[PDB]
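Input: a single structure, listed below in structure tokens.
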Amino acid sequence: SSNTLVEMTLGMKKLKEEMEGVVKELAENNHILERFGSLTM
Amino acid sequence: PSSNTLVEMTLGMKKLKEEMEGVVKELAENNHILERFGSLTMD
Amino acid sequence: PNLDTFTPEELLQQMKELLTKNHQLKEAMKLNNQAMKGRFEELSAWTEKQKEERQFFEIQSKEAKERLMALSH
Amino acid sequence: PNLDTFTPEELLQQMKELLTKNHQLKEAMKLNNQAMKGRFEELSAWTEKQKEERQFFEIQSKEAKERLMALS
């Protein structure tokens, strides 16, 4: 099923990558939140 | 594309869509609080 | 077929993985937001304490100076 | 049943929307991270400023007190 499976495959790969980037930003965000707790010490 | 596959594909897609709706919800809450940080020093 | 195109079973597979991850992200974000709240309350309390403590020494200083003026003249 | 199943075309369309939504989500978190760093540096600076002003007042208070008792 070229152009359709091909397309779905492309789209599923972009989604995966993109969500990897979100996890990245959350990680950073959690790190900053950690330091915040250290501010109040 | 077969029936079984599309059904499971459709079920997954709807779930991802729904799960994402809740994720943006959380994002919105996060934003709300972030805005409030800006006012901690201000009196 | 093409190595670089998913078979239907591979498609379904990718979907299941994405479900897992997305679900993980949701719970992670929920935990992140609870953390935000907690930090907010912590900083709120802490800044307030900083203000009070300054206020105290500021007033103490003011009164000490008033007394210095009144009792020298 | 038949209505409640997506077509390949429709599935693809959801993929596009979902990607877009995830992209917006990622970018919005990038900005949040930047803003938080800002908030953090602002709060660090602020508290340092409060501390300084505090121990300034504390010094001024003690100096007003000993100088008062300095006479006579």
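Residues in the structure tokens are named by chain (A, B, ... in the order shown) and by number from 1 within that chain; ligands are numbered from 1 in the order shown.
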
Close residues, segment 24-36 of chain A itself excluded, 7 Å, only C-alpha atoms, min 5 positions apart in chain, as a short mmCIF file (atom, residue, chain, number, x, y, z; two decimals) with N, CA and C atoms, in the first residue's frame:
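See part20.cif below for the written result:
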data_model
loop_
_atom_site.label_atom_id
_atom_site.label_comp_id
_atom_site.auth_asym_id
_atom_site.auth_seq_id
_atom_site.Cartn_x
_atom_site.Cartn_y
_atom_site.Cartn_z
N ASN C 32 4.35 16.62 37.09
CA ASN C 32 5.02 17.88 36.89
C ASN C 32 4.17 19.02 37.44
N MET C 36 4.80 21.80 40.27
CA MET C 36 4.66 23.24 40.08
C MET C 36 3.91 23.89 41.23
N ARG C 39 6.11 23.83 44.47
CA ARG C 39 7.11 24.87 44.41
C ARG C 39 6.49 26.26 44.59
N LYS D 26 5.21 20.77 22.31
CA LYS D 26 6.65 20.89 22.49
C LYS D 26 7.14 22.35 22.51
N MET D 29 6.30 24.22 25.61
CA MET D 29 7.08 23.80 26.75
C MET D 29 8.48 24.39 26.72
N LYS D 30 9.01 24.57 25.51
CA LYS D 30 10.28 25.23 25.35
C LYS D 30 10.19 26.63 25.97
N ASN D 33 9.94 26.59 29.77
CA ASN D 33 11.26 26.38 30.33
C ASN D 33 12.09 27.67 30.38
#

Considering only C-alpha atoms, give me a table of residues in chain C that are at most 10 Å from chain B, with the closest atom pair and distance in Å for each, as JSON lines.
{"residue": "C:7", "atom": "CA", "partner": "B:1", "partner_atom": "CA", "distance": 9.8}
{"residue": "C:8", "atom": "CA", "partner": "B:5", "partner_atom": "CA", "distance": 7.0}
{"residue": "C:9", "atom": "CA", "partner": "B:5", "partner_atom": "CA", "distance": 7.9}
{"residue": "C:11", "atom": "CA", "partner": "B:9", "partner_atom": "CA", "distance": 8.3}
{"residue": "C:12", "atom": "CA", "partner": "B:9", "partner_atom": "CA", "distance": 6.5}
{"residue": "C:13", "atom": "CA", "partner": "B:9", "partner_atom": "CA", "distance": 10.0}
{"residue": "C:15", "atom": "CA", "partner": "B:12", "partner_atom": "CA", "distance": 6.4}
{"residue": "C:16", "atom": "CA", "partner": "B:12", "partner_atom": "CA", "distance": 7.3}
{"residue": "C:18", "atom": "CA", "partner": "B:16", "partner_atom": "CA", "distance": 7.8}
{"residue": "C:19", "atom": "CA", "partner": "B:16", "partner_atom": "CA", "distance": 6.2}
{"residue": "C:20", "atom": "CA", "partner": "B:16", "partner_atom": "CA", "distance": 9.6}
{"residue": "C:21", "atom": "CA", "partner": "B:16", "partner_atom": "CA", "distance": 9.9}
{"residue": "C:22", "atom": "CA", "partner": "B:19", "partner_atom": "CA", "distance": 6.8}
{"residue": "C:23", "atom": "CA", "partner": "B:19", "partner_atom": "CA", "distance": 6.8}
{"residue": "C:25", "atom": "CA", "partner": "B:23", "partner_atom": "CA", "distance": 7.7}
{"residue": "C:26", "atom": "CA", "partner": "B:23", "partner_atom": "CA", "distance": 5.6}
{"residue": "C:27", "atom": "CA", "partner": "B:23", "partner_atom": "CA", "distance": 9.0}
{"residue": "C:28", "atom": "CA", "partner": "B:23", "partner_atom": "CA", "distance": 9.8}
{"residue": "C:29", "atom": "CA", "partner": "B:26", "partner_atom": "CA", "distance": 6.5}
{"residue": "C:30", "atom": "CA", "partner": "B:26", "partner_atom": "CA", "distance": 6.6}
{"residue": "C:31", "atom": "CA", "partner": "B:26", "partner_atom": "CA", "distance": 9.8}
{"residue": "C:32", "atom": "CA", "partner": "B:30", "partner_atom": "CA", "distance": 8.1}
{"residue": "C:33", "atom": "CA", "partner": "B:30", "partner_atom": "CA", "distance": 5.8}
{"residue": "C:34", "atom": "CA", "partner": "B:30", "partner_atom": "CA", "distance": 9.2}
{"residue": "C:35", "atom": "CA", "partner": "B:30", "partner_atom": "CA", "distance": 9.8}
{"residue": "C:36", "atom": "CA", "partner": "B:33", "partner_atom": "CA", "distance": 7.0}
{"residue": "C:37", "atom": "CA", "partner": "B:33", "partner_atom": "CA", "distance": 7.1}
{"residue": "C:39", "atom": "CA", "partner": "B:37", "partner_atom": "CA", "distance": 9.6}
{"residue": "C:40", "atom": "CA", "partner": "B:37", "partner_atom": "CA", "distance": 6.8}
{"residue": "C:41", "atom": "CA", "partner": "B:37", "partner_atom": "CA", "distance": 9.9}
{"residue": "C:43", "atom": "CA", "partner": "B:40", "partner_atom": "CA", "distance": 7.7}
{"residue": "C:44", "atom": "CA", "partner": "B:40", "partner_atom": "CA", "distance": 6.4}
{"residue": "C:45", "atom": "CA", "partner": "B:40", "partner_atom": "CA", "distance": 9.7}
{"residue": "C:46", "atom": "CA", "partner": "B:40", "partner_atom": "CA", "distance": 9.7}
{"residue": "C:47", "atom": "CA", "partner": "B:40", "partner_atom": "CA", "distance": 7.0}
{"residue": "C:48", "atom": "CA", "partner": "B:40", "partner_atom": "CA", "distance": 8.7}
{"residue": "C:51", "atom": "CA", "partner": "B:41", "partner_atom": "CA", "distance": 9.5}

Pull out every residue of chain A that has at least one atom within 9 Å of chain B, counting only C-alpha atoms, and report them as a short mmCIF file (atom, residue, chain, number, x, y, z; two decimals) with N, CA and C atoms, in the first residue's frame.
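And here's selection-v5.cif as it stands now:
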data_model
loop_
_atom_site.label_atom_id
_atom_site.label_comp_id
_atom_site.auth_asym_id
_atom_site.auth_seq_id
_atom_site.Cartn_x
_atom_site.Cartn_y
_atom_site.Cartn_z
N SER A 1 0.82 -1.21 0.00
CA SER A 1 0.00 0.00 0.00
C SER A 1 0.86 1.26 0.00
N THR A 4 0.12 5.29 0.93
CA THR A 4 -0.75 5.26 2.11
C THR A 4 -0.01 4.67 3.31
N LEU A 5 0.48 3.43 3.18
CA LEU A 5 1.35 2.88 4.21
C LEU A 5 2.62 3.73 4.33
#

Interface rows for chain A against chain D: nearest pair, Å to one decimal, 7 Å, only C-alpha atoms, as a tab-separated table:
residue	atom	partner	partner_atom	distance
A:4	CA	D:8	CA	7.0
A:8	CA	D:12	CA	6.0
A:11	CA	D:15	CA	6.0
A:15	CA	D:19	CA	5.3
A:18	CA	D:23	CA	6.4
A:19	CA	D:22	CA	6.6
A:21	CA	D:26	CA	6.4
A:22	CA	D:26	CA	4.8
A:25	CA	D:29	CA	6.0
A:29	CA	D:33	CA	5.7

Now that the selection is made, can you save its residues with N, CA and C atoms as a PDB file, in the first residue's frame?
ATOM      1  N   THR A   4       0.119   5.290   0.930  1.00  0.00           N
ATOM      2  CA  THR A   4      -0.745   5.260   2.106  1.00  0.00           C
ATOM      3  C   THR A   4      -0.010   4.667   3.309  1.00  0.00           C
ATOM      4  N   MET A   8       1.512   6.733   6.149  1.00  0.00           N
ATOM      5  CA  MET A   8       1.236   6.475   7.556  1.00  0.00           C
ATOM      6  C   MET A   8       2.548   6.271   8.286  1.00  0.00           C
ATOM      7  N   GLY A  11       4.185   9.495   8.890  1.00  0.00           N
ATOM      8  CA  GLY A  11       3.456  10.237   9.905  1.00  0.00           C
ATOM      9  C   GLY A  11       3.628   9.680  11.301  1.00  0.00           C
ATOM     10  N   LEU A  15       5.429  11.707  14.459  1.00  0.00           N
ATOM     11  CA  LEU A  15       4.773  11.707  15.766  1.00  0.00           C
ATOM     12  C   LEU A  15       5.697  11.218  16.869  1.00  0.00           C
ATOM     13  N   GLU A  18       8.494  13.680  17.552  1.00  0.00           N
ATOM     14  CA  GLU A  18       7.936  14.883  18.140  1.00  0.00           C
ATOM     15  C   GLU A  18       7.653  14.671  19.624  1.00  0.00           C
ATOM     16  N   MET A  19       7.073  13.529  19.971  1.00  0.00           N
ATOM     17  CA  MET A  19       6.815  13.209  21.371  1.00  0.00           C
ATOM     18  C   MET A  19       8.105  12.986  22.161  1.00  0.00           C
ATOM     19  N   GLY A  21      10.576  14.842  21.741  1.00  0.00           N
ATOM     20  CA  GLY A  21      10.991  16.206  21.996  1.00  0.00           C
ATOM     21  C   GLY A  21      10.234  16.817  23.154  1.00  0.00           C
ATOM     22  N   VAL A  22       9.008  16.342  23.365  1.00  0.00           N
ATOM     23  CA  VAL A  22       8.171  16.805  24.462  1.00  0.00           C
ATOM     24  C   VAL A  22       8.697  16.265  25.787  1.00  0.00           C
ATOM     25  N   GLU A  25      11.558  18.297  26.883  1.00  0.00           N
ATOM     26  CA  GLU A  25      11.246  19.574  27.507  1.00  0.00           C
ATOM     27  C   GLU A  25      10.719  19.398  28.930  1.00  0.00           C
ATOM     28  N   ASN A  29      12.128  20.789  32.424  1.00  0.00           N
ATOM     29  CA  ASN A  29      11.205  21.508  33.278  1.00  0.00           C
ATOM     30  C   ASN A  29      11.234  20.955  34.693  1.00  0.00           C
TER      31      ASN A  29
END

- request: Kindly provide, as a ChimeraX atom specification, the residues of chain D having any atom no farther than 10 Å from an atom of chain C, counting only C-alpha atoms.
  value: /D:43,46-47,50-69,71
